[PDB]
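To be precise, the following lines are target-v8.cif, and they hold mmCIF, C-alpha atoms; chains and numbers go by the auth columns.
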```cif
data_protein
#
loop_
_atom_site.group_PDB
_atom_site.id
_atom_site.type_symbol
_atom_site.label_atom_id
_atom_site.label_comp_id
_atom_site.label_asym_id
_atom_site.label_seq_id
_atom_site.Cartn_x
_atom_site.Cartn_y
_atom_site.Cartn_z
_atom_site.B_iso_or_equiv
_atom_site.auth_seq_id
_atom_site.auth_asym_id
ATOM 1 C CA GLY A 1 238.218 19.083 67.250 0.00 447 A
ATOM 2 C CA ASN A 2 235.054 17.369 66.056 0.00 448 A
ATOM 3 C CA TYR A 3 235.963 15.745 62.727 0.00 449 A
ATOM 4 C CA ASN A 4 232.546 14.298 62.011 0.00 450 A
ATOM 5 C CA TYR A 5 230.789 17.137 60.257 0.00 451 A
ATOM 6 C CA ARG A 6 232.183 17.263 56.730 0.00 452 A
ATOM 7 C CA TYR A 7 231.306 19.067 53.536 0.00 453 A
ATOM 8 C CA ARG A 8 231.897 18.650 49.833 0.00 454 A
ATOM 9 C CA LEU A 9 234.712 20.831 48.612 0.00 455 A
ATOM 10 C CA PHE A 10 235.203 19.754 44.976 0.00 456 A
ATOM 11 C CA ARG A 11 232.707 18.950 42.277 0.00 457 A
ATOM 12 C CA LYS A 12 232.539 19.030 38.516 0.00 458 A
ATOM 13 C CA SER A 13 229.542 21.317 38.169 0.00 459 A
ATOM 14 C CA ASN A 14 227.151 23.084 40.472 0.00 460 A
ATOM 15 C CA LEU A 15 224.122 21.064 41.445 0.00 461 A
ATOM 16 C CA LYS A 16 220.426 21.469 40.704 0.00 462 A
ATOM 17 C CA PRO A 17 218.035 22.693 43.406 0.00 463 A
ATOM 18 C CA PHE A 18 217.170 20.253 46.179 0.00 464 A
ATOM 19 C CA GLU A 19 219.635 17.731 44.795 0.00 465 A
ATOM 20 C CA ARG A 20 221.788 15.494 46.955 0.00 466 A
ATOM 21 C CA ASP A 21 224.926 13.528 46.125 0.00 467 A
ATOM 22 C CA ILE A 22 226.837 11.263 48.488 0.00 468 A
ATOM 23 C CA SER A 23 229.521 9.661 46.299 0.00 469 A
ATOM 24 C CA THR A 24 233.077 10.053 47.535 0.00 470 A
ATOM 25 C CA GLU A 25 234.950 9.454 44.293 0.00 471 A
ATOM 26 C CA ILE A 26 238.382 11.002 43.922 0.00 472 A
ATOM 27 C CA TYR A 27 238.446 14.349 42.171 0.00 473 A
ATOM 28 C CA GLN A 28 239.954 15.043 38.766 0.00 474 A
ATOM 29 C CA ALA A 29 243.330 16.651 38.180 0.00 475 A
ATOM 30 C CA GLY A 30 245.117 17.978 35.095 0.00 476 A
ATOM 31 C CA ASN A 31 246.063 14.361 34.407 0.00 477 A
ATOM 32 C CA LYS A 32 244.356 11.135 35.551 0.00 478 A
ATOM 33 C CA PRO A 33 244.257 11.461 39.350 0.00 479 A
ATOM 34 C CA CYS A 34 246.600 9.433 41.485 0.00 480 A
ATOM 35 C CA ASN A 35 244.594 7.172 43.791 0.00 481 A
ATOM 36 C CA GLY A 36 243.212 8.679 46.974 0.00 482 A
ATOM 37 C CA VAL A 37 246.669 10.133 47.560 0.00 483 A
ATOM 38 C CA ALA A 38 248.497 13.409 47.041 0.00 484 A
ATOM 39 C CA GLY A 39 249.937 14.372 43.695 0.00 485 A
ATOM 40 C CA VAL A 40 249.904 17.211 41.237 0.00 486 A
ATOM 41 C CA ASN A 41 246.259 17.611 42.088 0.00 487 A
ATOM 42 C CA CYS A 42 244.453 14.214 42.557 0.00 488 A
ATOM 43 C CA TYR A 43 242.518 15.580 45.556 0.00 489 A
ATOM 44 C CA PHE A 44 239.790 14.022 47.694 0.00 490 A
ATOM 45 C CA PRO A 45 236.336 15.576 47.708 0.00 491 A
ATOM 46 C CA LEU A 46 235.272 15.774 51.328 0.00 492 A
ATOM 47 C CA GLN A 47 236.768 18.050 53.976 0.00 493 A
ATOM 48 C CA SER A 48 236.171 18.092 57.683 0.00 494 A
ATOM 49 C CA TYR A 49 235.119 21.055 59.816 0.00 495 A
ATOM 50 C CA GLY A 50 237.094 20.905 63.032 0.00 496 A
ATOM 51 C CA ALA B 1 267.558 32.595 48.940 0.00 348 B
ATOM 52 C CA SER B 2 267.583 31.607 52.599 0.00 349 B
ATOM 53 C CA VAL B 3 264.445 31.947 54.713 0.00 350 B
ATOM 54 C CA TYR B 4 265.692 34.715 57.008 0.00 351 B
ATOM 55 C CA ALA B 5 266.131 36.978 53.953 0.00 352 B
ATOM 56 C CA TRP B 6 263.181 35.897 51.810 0.00 353 B
ATOM 57 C CA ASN B 7 262.590 37.556 48.450 0.00 354 B
ATOM 58 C CA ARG B 8 259.410 39.375 47.534 0.00 355 B
ATOM 59 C CA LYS B 9 258.325 40.024 43.968 0.00 356 B
ATOM 60 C CA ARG B 10 255.265 41.642 42.429 0.00 357 B
ATOM 61 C CA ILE B 11 253.217 40.330 39.527 0.00 358 B
ATOM 62 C CA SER B 12 250.771 42.649 37.784 0.00 359 B
ATOM 63 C CA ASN B 13 249.781 43.636 34.255 0.00 360 B
ATOM 64 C CA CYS B 14 249.846 40.235 32.605 0.00 361 B
ATOM 65 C CA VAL B 15 247.490 37.554 31.387 0.00 362 B
ATOM 66 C CA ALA B 16 248.101 35.059 34.169 0.00 363 B
ATOM 67 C CA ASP B 17 247.944 31.403 33.143 0.00 364 B
ATOM 68 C CA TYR B 18 247.981 28.938 36.032 0.00 365 B
ATOM 69 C CA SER B 19 248.261 25.942 33.728 0.00 366 B
ATOM 70 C CA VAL B 20 252.040 26.062 33.705 0.00 367 B
ATOM 71 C CA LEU B 21 252.428 25.117 37.371 0.00 368 B
ATOM 72 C CA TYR B 22 251.404 21.447 37.212 0.00 369 B
ATOM 73 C CA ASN B 23 254.181 20.677 34.749 0.00 370 B
ATOM 74 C CA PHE B 24 256.990 21.821 37.105 0.00 371 B
ATOM 75 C CA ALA B 25 257.438 19.073 39.718 0.00 372 B
ATOM 76 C CA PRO B 26 255.518 16.400 41.662 0.00 373 B
ATOM 77 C CA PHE B 27 255.104 19.285 44.102 0.00 374 B
ATOM 78 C CA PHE B 28 255.810 17.722 47.470 0.00 375 B
ATOM 79 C CA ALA B 29 253.854 20.668 48.940 0.00 376 B
ATOM 80 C CA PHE B 30 251.186 22.629 47.075 0.00 377 B
ATOM 81 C CA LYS B 31 248.531 24.516 49.026 0.00 378 B
ATOM 82 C CA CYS B 32 246.273 27.594 48.884 0.00 379 B
ATOM 83 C CA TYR B 33 243.834 28.831 51.577 0.00 380 B
ATOM 84 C CA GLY B 34 240.328 30.013 50.645 0.00 381 B
ATOM 85 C CA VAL B 35 241.522 29.661 46.998 0.00 382 B
ATOM 86 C CA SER B 36 240.488 26.589 44.904 0.00 383 B
ATOM 87 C CA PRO B 37 243.706 25.343 43.175 0.00 384 B
ATOM 88 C CA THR B 38 241.597 24.209 40.206 0.00 385 B
ATOM 89 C CA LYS B 39 239.380 27.311 39.923 0.00 386 B
ATOM 90 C CA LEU B 40 242.342 29.721 39.867 0.00 387 B
ATOM 91 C CA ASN B 41 242.971 30.171 36.152 0.00 388 B
ATOM 92 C CA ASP B 42 239.580 31.774 35.533 0.00 389 B
ATOM 93 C CA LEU B 43 239.289 34.265 38.405 0.00 390 B
ATOM 94 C CA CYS B 44 240.858 37.701 38.184 0.00 391 B
ATOM 95 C CA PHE B 45 243.055 39.541 40.763 0.00 392 B
ATOM 96 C CA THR B 46 244.556 43.000 41.288 0.00 393 B
ATOM 97 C CA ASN B 47 248.151 42.291 42.296 0.00 394 B
ATOM 98 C CA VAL B 48 249.972 39.018 42.935 0.00 395 B
ATOM 99 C CA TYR B 49 253.069 38.940 45.142 0.00 396 B
ATOM 100 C CA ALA B 50 255.616 36.103 45.049 0.00 397 B
#
```
If you convert what's in this file into structure tokens, what do you get?
Amino acid sequence: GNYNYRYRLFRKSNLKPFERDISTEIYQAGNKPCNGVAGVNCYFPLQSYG
Amino acid sequence: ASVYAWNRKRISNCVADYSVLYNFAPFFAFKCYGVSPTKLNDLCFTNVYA
């Protein structure tokens, strides 16, 4: 497994053409997300490839 | 029920609302494959088994 190529899995809205975002802020859940940890949702944006 | 005699159930002909799930438990395990947990309450399906 090569866990170095990752991709964004969660975002608030789709992005405009030729636009790039790099921020790795924790994604929103029903309620205020946890803190980079599991919970009701409180997910993390990036996901690896494998 | 016990795992060796699991219990199937069908869910069709309703207005499914996935906003009731978060309020059940801290959900020690909550996962879906190829299905965005957050984008579920707006997509529509044929038949849902449980």
Between CA of residue 489 in chain A and CA of residue 476 in chain A - distance in Å to one decimal: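 CA of residue 489 in chain A lies at a distance of 11.0 Å from CA of residue 476 in chain A.
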Contact residues around residue 365 in chain B with all atoms listed in the file at 10 Å, ignoring same-chain residues under 6 positions, as an mmCIF file with C-alpha atoms, in the coordinates of the input:
```cif
data_model
loop_
_atom_site.group_PDB
_atom_site.id
_atom_site.type_symbol
_atom_site.label_atom_id
_atom_site.label_comp_id
_atom_site.auth_asym_id
_atom_site.auth_seq_id
_atom_site.Cartn_x
_atom_site.Cartn_y
_atom_site.Cartn_z
ATOM 1 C CA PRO B 384 243.706 25.343 43.175
ATOM 2 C CA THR B 385 241.597 24.209 40.206
ATOM 3 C CA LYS B 386 239.380 27.311 39.923
ATOM 4 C CA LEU B 387 242.342 29.721 39.867
ATOM 5 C CA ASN B 388 242.971 30.171 36.152
ATOM 6 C CA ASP B 389 239.580 31.774 35.533
#
```
Neighbours of chain A in chain B at 12 Å, counting all atoms listed in the file, as a ChimeraX atom specification: /B:365-378,381-386
Between CA of residue 494 in chain A and CA of residue 447 in chain A - distance in Å to one decimal: 9.8 Å
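Note that CA of residue 458 in chain A and CA of residue 491 in chain A are 10.5 Å apart.
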Selection under test: the PyMOL selection byres ((chain B and resi 357-361) around 12); residues as a list in words: residues 354, 355, 356, 362, 363, 364, 365, 391, 392, 393, 394, 395, 396 and 397 of chain B
C-alpha atoms of the current selection, written as a short mmCIF file (atom, residue, chain, number, x, y, z; two decimals), in the frame of the given file:
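Resulting contents of part-v4.cif:
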```cif
data_model
loop_
_atom_site.label_atom_id
_atom_site.label_comp_id
_atom_site.auth_asym_id
_atom_site.auth_seq_id
_atom_site.Cartn_x
_atom_site.Cartn_y
_atom_site.Cartn_z
CA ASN B 354 262.59 37.56 48.45
CA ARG B 355 259.41 39.38 47.53
CA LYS B 356 258.32 40.02 43.97
CA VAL B 362 247.49 37.55 31.39
CA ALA B 363 248.10 35.06 34.17
CA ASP B 364 247.94 31.40 33.14
CA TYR B 365 247.98 28.94 36.03
CA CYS B 391 240.86 37.70 38.18
CA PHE B 392 243.06 39.54 40.76
CA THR B 393 244.56 43.00 41.29
CA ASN B 394 248.15 42.29 42.30
CA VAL B 395 249.97 39.02 42.94
CA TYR B 396 253.07 38.94 45.14
CA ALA B 397 255.62 36.10 45.05
#
```
Selection dump of the PyMOL selection byres ((chain A and resi 448) around 8), as an MDAnalysis selection string: chainID A and resid 447 449:451 495:496
Test item: residues at most 12 Å from residue 468 in chain A, all atoms listed in the file, excluding those fewer than 5 positions along its chain, as a PyMOL selection string: chain A and resi 452-454+457+491-492
